[PDB]
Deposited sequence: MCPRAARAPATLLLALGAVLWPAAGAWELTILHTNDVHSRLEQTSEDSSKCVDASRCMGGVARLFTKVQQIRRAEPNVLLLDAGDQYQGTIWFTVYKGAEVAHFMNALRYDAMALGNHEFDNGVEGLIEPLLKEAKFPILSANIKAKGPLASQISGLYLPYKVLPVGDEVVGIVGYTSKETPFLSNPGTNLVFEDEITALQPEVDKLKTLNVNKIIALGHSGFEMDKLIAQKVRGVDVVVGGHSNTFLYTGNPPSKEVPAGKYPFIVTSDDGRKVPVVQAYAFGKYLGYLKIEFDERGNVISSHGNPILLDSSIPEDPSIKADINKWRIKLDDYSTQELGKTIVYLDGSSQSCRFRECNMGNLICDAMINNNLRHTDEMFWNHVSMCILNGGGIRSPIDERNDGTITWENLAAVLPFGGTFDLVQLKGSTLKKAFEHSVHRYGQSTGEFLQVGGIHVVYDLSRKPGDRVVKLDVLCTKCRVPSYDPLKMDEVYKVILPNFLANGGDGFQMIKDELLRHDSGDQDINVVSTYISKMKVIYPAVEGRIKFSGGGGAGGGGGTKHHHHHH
């Protein structure tokens, strides 16, 4: 029995074709992605493949202005237009709250949204009951296929799902549902969830009954061949997990931002045992044309958004590297911009130091043609919308924060820190906690202001975002050890006023972060 699984994940409201760095498209001839382009390939596959399922493995919220304006409707309207079959809940579908998901998406969505490890209790459970399900049986061909959904068990520590929700462990919540499914004689079972390729490998091996594992949340790219763009692949597509019951479970994931459409052809038998499965992510590039019906429908909406973009801000002469591939591994100039901007707005209401988690930086801004910046640009960088809080810290506290900046370096980890007024040097041939080999911090009260070796028993004032000030990302030493805490100024607003003040900005890799 043939079954073709089309799957997306981590679109982040990039329903509009984007530059290769998944940021606002500048030259359509090179641009790729978008719901419109995705439509023409799904449509094409459905033309030739009688048995098909289209599934998104979470994270359609946030990313671009398309969300912070329609705050959900854009996802529901165009996921329905693309006629998705199922979707597992992601962590970003709670960034606007439990009500910021129930009213816009769950109610207006024409298809099931799945998650098995999310238990609802209290006054809220009354109605959200049945607005999402732990699974769903889908009739394909003359057979049936069962999807079981899961979400990250760290969403209440990554998003805003309120307190009337509980996020259980995925495996311990999926297996009871999967047993239920096979006692209903639904052998063909797909696991679709938002926990991360590493946790998806835990489910594939340690859940009996699962036939496929489709997932996301870590923006992982798998390929069997020669990759088509700048994303270097982790493993082959599908990756094969040798489960504990003696089975070859395919693990699949297609990068992010709607740049690739996952495609997995699966051959079953009567008892629903996966004989084999070949596939590969499909780069939705310029060769695949936008579908006019969708493309125009997109511009029916873009008209509303144009008001935020058509307003001028300032100019940039160099490319602003806000890419996760550089802002979580080395000194990216986007962070240096944000940190230099940070220490300008406070100077009107005596600090010189700045730390910033590269994970907060969510989009690059491609300097092009005239090198002009807009709110649509700055918004894609900082979708969270917080403030830059002033914090009094011990030197010992800052020392360990930078040991936390590289404590698990190498896994695209978002807690890697950008700097301003700080010179840090790492040596990764040392065990976590000995990696910082030099740290010279800029002093101001000194008569010769300059970078000097950090003293452990000294008081420094650093400006960092609210999310760090409260010990996010695992910086619990900051939240607990700080000597004072002051309120900040809206994050995107002040960076907008800064670059408007400058009128031209050229941040560079100045050697703030170095490696030994």
| query | finding |
| --- | --- |
| Deposited residues absent from the coordinates (by C-alpha) | 1 to 26, 376 to 382, 550 to 567 |
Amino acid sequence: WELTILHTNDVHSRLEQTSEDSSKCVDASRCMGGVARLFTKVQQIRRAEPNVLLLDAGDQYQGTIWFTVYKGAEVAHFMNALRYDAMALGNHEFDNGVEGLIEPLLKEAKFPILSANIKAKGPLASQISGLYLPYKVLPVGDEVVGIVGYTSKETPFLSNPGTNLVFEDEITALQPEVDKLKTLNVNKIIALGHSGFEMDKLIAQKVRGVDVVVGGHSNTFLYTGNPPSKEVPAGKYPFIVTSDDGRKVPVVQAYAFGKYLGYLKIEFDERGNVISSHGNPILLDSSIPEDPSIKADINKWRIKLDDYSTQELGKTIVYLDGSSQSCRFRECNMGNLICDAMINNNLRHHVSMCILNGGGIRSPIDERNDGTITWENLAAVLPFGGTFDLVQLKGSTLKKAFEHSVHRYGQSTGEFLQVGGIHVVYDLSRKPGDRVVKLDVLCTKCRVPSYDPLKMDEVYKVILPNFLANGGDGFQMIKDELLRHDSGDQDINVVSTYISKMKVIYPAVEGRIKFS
From here on, numbers count along this sequence of modelled residues.
property	result
Higher-B stretch (mean Cα B-factor, as the entry records it), 338 to 346 or 110 to 118	338 to 346
Entry-level comparison of average CA B-factors, 139 to 147 and 368 to 376, reporting the higher stretch	368 to 376
Maximum C-alpha temperature factor, selected from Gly258, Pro250, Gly162, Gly196	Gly162
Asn333, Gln418, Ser309, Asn187, ranked by C-alpha B-factor: the highest one	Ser309
Third of the chain's Cα B-factor distribution that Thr64 belongs to, per the entry	middle
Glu290 by Cα B-factor - lowest, middle or highest third of the modelled chain	lowest
Cα B factor band for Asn470 (lowest, middle or highest third within the chain)	highest
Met477 CA temperature factor, ranked by third within the chain	highest
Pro453 by Cα B-factor - lowest, middle or highest third of the modelled chain	middle
